[PDB]
Ligand SMILES: CC(C)CCC[C@@H](C)[C@H]1CC[C@H]2[C@@H]3CC=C4C[C@@H](O)CC[C@]4(C)[C@H]3CC[C@]12C
Ligand SMILES: CC(C)CCC[C@@H](C)[C@H]1CC[C@H]2[C@@H]3CC=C4C[C@@H](O)CC[C@]4(C)[C@H]3CC[C@]12C
Ligand SMILES: CC(C)CCC[C@@H](C)[C@H]1CC[C@H]2[C@@H]3CC=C4C[C@@H](O)CC[C@]4(C)[C@H]3CC[C@]12C
Ligand SMILES: CC(C)CCC[C@@H](C)[C@H]1CC[C@H]2[C@@H]3CC=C4C[C@@H](O)CC[C@]4(C)[C@H]3CC[C@]12C
Ligand SMILES: CC(C)CCC[C@@H](C)[C@H]1CC[C@H]2[C@@H]3CC=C4C[C@@H](O)CC[C@]4(C)[C@H]3CC[C@]12C
Ligand SMILES: CC(C)CCC[C@@H](C)[C@H]1CC[C@H]2[C@@H]3CC=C4C[C@@H](O)CC[C@]4(C)[C@H]3CC[C@]12C
Ligand SMILES: CC(C)CCC[C@@H](C)[C@H]1CC[C@H]2[C@@H]3CC=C4C[C@@H](O)CC[C@]4(C)[C@H]3CC[C@]12C
Ligand SMILES: CC(C)CCC[C@@H](C)[C@H]1CC[C@H]2[C@@H]3CC=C4C[C@@H](O)CC[C@]4(C)[C@H]3CC[C@]12C
Ligand SMILES: CC(C)CCC[C@@H](C)[C@H]1CC[C@H]2[C@@H]3CC=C4C[C@@H](O)CC[C@]4(C)[C@H]3CC[C@]12C
Ligand SMILES: CC(C)CCC[C@@H](C)[C@H]1CC[C@H]2[C@@H]3CC=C4C[C@@H](O)CC[C@]4(C)[C@H]3CC[C@]12C
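Protein chains in written order, with the deposited numbering: chain B, 7 to 340; chain M, 66 to 352; chain R, 66 to 352; chain A, 5 to 55, 182 to 354; chain F, 338 to 354; chain C, 10 to 64; chain Q, 1 to 4; chain P, 1 to 4; chain E, 2 to 121, 138 to 248.
Below is the structure:
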């Protein structure tokens, strides 16, 4: 039984070895390097007195939400530096926040094991709690809106769930990860999502069937971050061994490895530009390094965050990049 | 509120009547007879005016104690608190100025020819009222009325932190109204007594020694009345500020007795300074 | 004017160079690295600014001593005298405010949560500069230039009588810059040391006892430098005011040594306060 | 700017004032982390002080606001969410003295006292808690007295050779918890044998928190 | 002698004498 | 029983159609080259078109 | 002083 | 202070 | 969400009257408050505005000085103080809540209106006055302005209102690109600066009323004449 499982794993590894014929770094030699990419701060955003953990971009690319330890979800106006909403929180400890695609709802989650959905287009004028999602035995680490009625959450009890917001209960349960699931991202077609856990594995999931499609085991220690490529066939992954790895769904193997000698700090977040050519990551050495999808070098350096970088996300159209740090400031990099 | 309240109200009523009668009697004698042609009479008139304005705030405090709330309004709360805090420092600075006047008059006579002029007395008195305006004006700004337990409270409100500015006000009032005035009065009158006993004219015969003993006794009575009146209320306010004490009937009686002595000094400053003044004694004897 | 004048000019030149270098170095470190995000760094910046503005008046005094007359004009005489008298009280009030800050930080921690905020530090520092403006402005009004023996003299002119207002200014500066600050600093740091030895955390082991001895030594060095620097010049000004002394070369050397120590404290306040500050030590160690 | 842009800037300044007021309220309040096993007596000590996510307890003693966060409900890996609690005033670590005879009910192969020693070793030597003091509570002291009278301490830990005495065994277990600290200069261990009286239990926390605030004020002044 | 006369005049002016 | 579930999930994962990595790499390079002009981060936007401006 |  |  | 006004009736000229509007079912402290008056045989007209937290206060030039506006957030009551009323103030006064942020819909909820009868600048131009229409055909309504409302940020501050006969007016289209919450897809706004067009496909009997075009580019707010439809 266990020996048969080891033989099947050996067979899958042999199939992965047989599939690969050419290294991707040899193929990308033809395309030119991007050169130095210099980004200057456009806006300096304030109003947080506590540690920022997460930020989700709006679809219109102007609105953004931010999660902090002051008990506040503060929705901002990126262009005019105004504060659109300020949501008082019941649980101070928050580790994630999501913005709906329609713009109607805002989620948050953390150590209280409760996902709170906040309505923004109410007639009363105050952002109140619409639905409290409960039933997690572990801390919520990431949540993303599929729709105004569906949301996919990652939790600390090794269980990812799909939530019917109108019903208030979970529809599809996803299990199989050894260790808590640190993050998740949604594909553009929204029919599949991939989540990385702390057994150095990232498992592709299907919303409809509910069974695990693929699993990649190219990481040494653990996964803090995961983000899809814009086409929906690739995803770069962030880890604590100072490496970033790119995995192809169709090829079912590791495309590229990102590493550099003096950097030993872990990766908190990764993101992609509009084209997908630029891979932007967040590190623990107070420095954000912009990478290249094909050439695998460093295109730019983002600095100016006093405390450790919690999160980083590139907006929908690609006009701006706002980086989340623990110094209670979000800075917008164009 | 059976015997203690009536006793306290009667005590403050007697204190207010005696103080207003003495102050307006001294001001009436100075206006109708002296007309302020001498520097010392200008200091006595400013002392009587400061003590009258300090005693005028006492019926408002009596009504505040008897009712338990402030019905007079915010503006009159500001005016009466500003007049009280202003004129205590005005009266004490007038006392220190008269001590300095007598010290210069005895010890430095050639320079007292420059000092003891009516113009210089008017300039130093206007400077005393201006220096008292430094404690008068911000206390006027800070005073508001706040509802406490359904009762209006006429008090002082400080910017945050409240405890720091409140203890700063209490300690600044304590130092500038007790520590420096007792030392200035004590040292100036002590060196004055040393110079007066050094004077050959005051010694020599039994009558002159009797008059020297009378002057030294008058000076010691002035210093003793000032210290004995202002010492317990200041030490008791410092002890109340430092250590929280349980509310007791005897605690309240000691509190109002110390405040009664504090106003009693302003009441008896005419009796010590103007009534025992020999020039005013001649003025009463002629008329 | 053979050796003594050159010695005095070289001494004040070294004092001015060391003071300006230390003050602008501390202000440069605070601006380029700290950016005043903490209350204690705001107090250190205001201390460095007050000491720099006090040390800036020293080359004008050096030129006045070397030439023997004031060629700078009446307006610059007013400005430099006002800045000197203003910023001495500003620096000393900043020292007293930092003493009160450390006393509240050690002895009253729950209230130090209210006190040790950047907004409260800005409010108390603005109040310190405003309270120093009370000695800054009338000294600016009174300063004029008068011809004495064919030489222009940059000094203060008082209304008649000159002796009374002059001794009043000298004694008020003496009391408010020496008597109250030495007592406030000594009592606050002494009770601070008593509370620190009362702390269980500081005692217990050899390393923690060594650090407690280092903190107590630092506090005693601060208090000793303040007292040893400001004591002789104040006592010597009081002795010169009281008793007329014949002009002697040693008298002049002692006068300029006491003034040199008085400015030397403002010069060494960066060395004691900012350079020995452990947060600034970490800032220098990182860069 | 248009009229709606001006009104939006006005709304943003009002939100800035509300956030500044809430931050000034939150900065004064003291946050305390509650740690230990489930059967250590967290509920008992919390209900004494008062008189499945994070249980938050608010209580005020001597004009000082306390936040206590009970993390015992979560069953997830602690290493990934322990970095959130970096800016905490002190660690309240509660264990029971009677755990040495009671075998753990997970594998029935390890004493609970040694599991609590490993728990304290993981918390104390954490990279995120370097200057954060640990407030140690030793629970069930009367049951520890009866248990030490019935059964000797020598059976749980073979190396210990001290005589069967209540005070000696209590002082040895206290020194055994203190020995686990590897950075003793910048990290205090405040140990209190938990009593029935609520006032002493709250007073000990107030004294430890007051000492930590004194240390933090010395850090901010820089004399320390 | 003159100083004592001025002291006597000042004491009469104050009225303590 | 849990090991049987792991073996069953491993068997479900094993039978999957895998395309050549070179063709998917060509698809990735084509998607990167095609949308390079649209990306604001790659090619700097003029200030009039840029919504973020100096104030 | 004081007020009551 | 003082001035010279 | 409900706003009711009290304090009406007949008022002598030169006197004084203090109105009070009570708010229920929404957070009163977060909305800015407008007063809008309506003559009996003329269109609507703006009176005054107070912001949330009483930060800024605006008046029209014809009503400046005589009228005093205040608000109390713990009591959730809006107060209008009237001093030295004239013969032109015989109008019905409405209370309006308005939140202001990016994507907000101000002027969304209108009050009921209190009757007040007394007994003795961007000019918005309605080109038409009354158009007889039939239910089913498309209806075209045009409004014109004296100033280009296209602001440099891209927003065009033109709001469209419908006042049904015997009922309070409601918001239809705000900022000319967005439909109000509760308004169907039958209404649509189009046009540019100084030339605007309103189109109503699938005409309904409830849609029949008085149509107003309102600018919000600068204070004082000046309204339209009012295009009324009939059957
Ligand atoms: C509200 C009041 C108490 C504030 C203080 C008023 C000050 C400005 C008033 C009150 C007492 C007044 C003095 C009273 C007596 C004299 C003596 C007279 O021959 C010259 C004017 C002079 C010297 C007055 C100057 C002005 C004065 C000092
Ligand atoms: C020798 C005599 C004349 C010195 C008198 C100095 C007096 C007038 C000055 C010096 C210090 C000043 C105080 C400094 C600080 C405060 C705290 C403020 O919140 C209220 C005003 C108050 C209390 C000031 C009042 C006036 C004050 C007390
Ligand atoms: C302790 C501080 C706060 C206040 C001190 C005030 C008193 C005690 C000080 C201030 C001015 C001082 C006086 C200054 C000048 C003289 C003239 C001299 O020929 C006799 C001593 C005498 C009179 C000093 C005695 C002490 C004195 C009166
Ligand atoms: C020496 C003479 C002239 C003055 C003495 C003043 C001081 C020492 C006296 C006068 C009033 C006294 C206080 C009167 C009332 C109380 C309340 C009591 O529950 C504690 C003691 C206490 C607080 C006393 C302490 C001593 C005290 C403050
Ligand atoms: C020198 C000037 C500017 C500031 C002087 C500050 C000193 C005197 C102030 C600041 C902090 C204050 C203390 C703060 C807290 C308390 C506890 C209270 O229950 C009794 C009063 C007491 C003990 C205050 C006494 C006065 C105090 C020590
Ligand atoms: C001619 C000059 C010296 C007169 C005094 C000027 C006063 C008004 C100036 C000089 C020093 C200045 C302070 C210096 C530093 C800070 C810290 C900064 O984060 C806020 C402003 C603040 C608190 C300043 C407030 C204004 C200030 C107090
Ligand atoms: C505790 C500290 C803050 C108290 C400081 C009080 C200072 C600022 C006040 C109180 C007494 C005031 C002095 C009173 C009298 C005079 C004489 C006048 O001809 C020049 C101004 C001068 C010298 C004033 C300057 C300012 C002054 C010294
Ligand atoms: C002598 C006059 C001129 C100035 C006196 C200033 C100093 C010595 C005074 C003024 C404020 C006083 C403090 C007032 C409050 C407290 C808090 C108490 O828990 C310890 C003593 C302590 C700290 C006092 C000690 C002495 C003190 C610091
Ligand atoms: C104790 C230490 C730290 C400080 C001592 C300061 C005082 C006591 C010292 C320092 C300067 C000294 C003065 C120096 C010069 C003279 C001029 C001489 O013709 C008479 C003595 C006299 C006036 C000295 C008296 C004592 C003195 C004032
Ligand atoms: C309390 C404040 C308002 C006033 C204080 C006045 C006192 C301290 C002033 C007034 C008179 C002054 C004295 C007047 C004359 C002389 C003679 C001179 O050769 C030495 C200084 C000396 C001895 C002065 C010392 C200071 C002095 C005593």
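Where a beta carbon is used, it is the ideal one built from N, C-alpha and C, also for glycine.
ask   = Three or more beta-carbon pairs under 8 Å between the segment 282-300 of chain B and the segment 18-29 of chain B, yes or no?
value = no
ask   = Are residue 115 (chain B) and residue 126 (chain B) closer than 9 Å when you measure CB to CB?
value = no
ask   = Out of R:347, R:320, R:283, which has the shortest C-alpha to C-alpha gap to residue 338 (chain R)?
value = R:283
request  = Determine which residues share a DSSP beta bridge with residue 231 (chain E) and list them.
outcome  = E:176
query = chain P partners of residue 220 (chain R), CB-CB under 7 Å?
reply = 3
query = Taking the C-alpha atoms as reference points, what is the distance between residue 17 (chain A) and residue 335 (chain B)?
reply = 17 Å
message = So the candidates are E:180, E:161, E:184, E:176; which of them puts its Cα closest to the Cα of residue 190 (chain E)?
response = E:176
inquiry  = I'd like to know whether the C-beta of residue 345 (chain M) is nearer than 9 Å to at least one C-beta of chain F.
reply    = yes
inquiry  = Mapping the DSSP letters down to three states, classify residue 77 (chain E) as helix, strand or coil.
reply    = coil
key: Distance, residue 92 (chain E) Cα to residue 40 (chain E) Cα   = 5 Å
query = Using a threshold of 8 Å, is the CB atom of residue 17 (chain M) nearer than that to any non-hydrogen atom of ligand 3?
reply = Residue 17 (chain M) cannot be examined here, being either before or after the span of chain M that is shown, 66 to 352.
query = Does DSSP put residue 1 (chain P) in a helix, a strand or coil?
reply = coil
message = Looking at ligand 10, does it come within less than 8 Å of residue 232 (chain R), judged from the CB to the closest heavy atom?
response = yes
ask   = Under a Cβ-count criterion, where at least 16 other Cβ atoms within 10 Å of its own Cβ denotes burial, should residue 96 (chain R) be classed as buried or exposed?
value = exposed
query = For residue 18 (chain E), which beta-bridge partners are listed by DSSP?
reply = E:83
task = Compute the distance between the beta-carbons of residue 23 (chain C) and residue 14 (chain B), then report whether it is under 9 Å.
result = yes
key: Residues near residue 243 (chain R) in its chain [Cβ-Cβ closer than 8 Å; skip 5 each side]   = 295, 296, 299
key: Three CB pairs or more closer than 8 Å across the segment 123-134 of chain R and the segment 66-77 of chain R   = yes
Own chain partners of residue 205 (chain M) with C-beta closer than 7 Å, once the 5 adjacent residues on each side are dropped = 143, 147
ask   = Looking at the structure shown, is residue 280 (chain B) part of a helix, part of a strand, or coil, going by DSSP?
value = coil
task = Out of B:39, B:303, B:284, point me to the one whose CA is closest to residue 327 (chain B)'s CA.
result = B:284
Residue 209 (chain B): first and last residue of the uninterrupted beta strand (DSSP E) it sits in = 208-212
Positions along the segment 83-115 of chain B whose CB lies within less than 9 Å of some CB in chain E = 83, 85, 86, 88, 89, 90, 91, 109
query = When DSSP builds the beta bridges, which residues end up paired with residue 59 (chain E)?
reply = E:50
Neighbour list for residue 11 (chain C) in chain B, Cβ cutoff strictly below 9 Å = Neighbours of residue 11 (chain C) on chain B: none; closest Cβ ~11 Å, over 9 Å.
inquiry  = Please return the same chain residues whose Cβ sits closer than 7 Å to the Cβ of residue 216 (chain A), not counting the five positions on each side in sequence.
reply    = 258
query = Cβ-heavy atom distance between residue 194 (chain A) and ligand 5 below 8 Å?
reply = no
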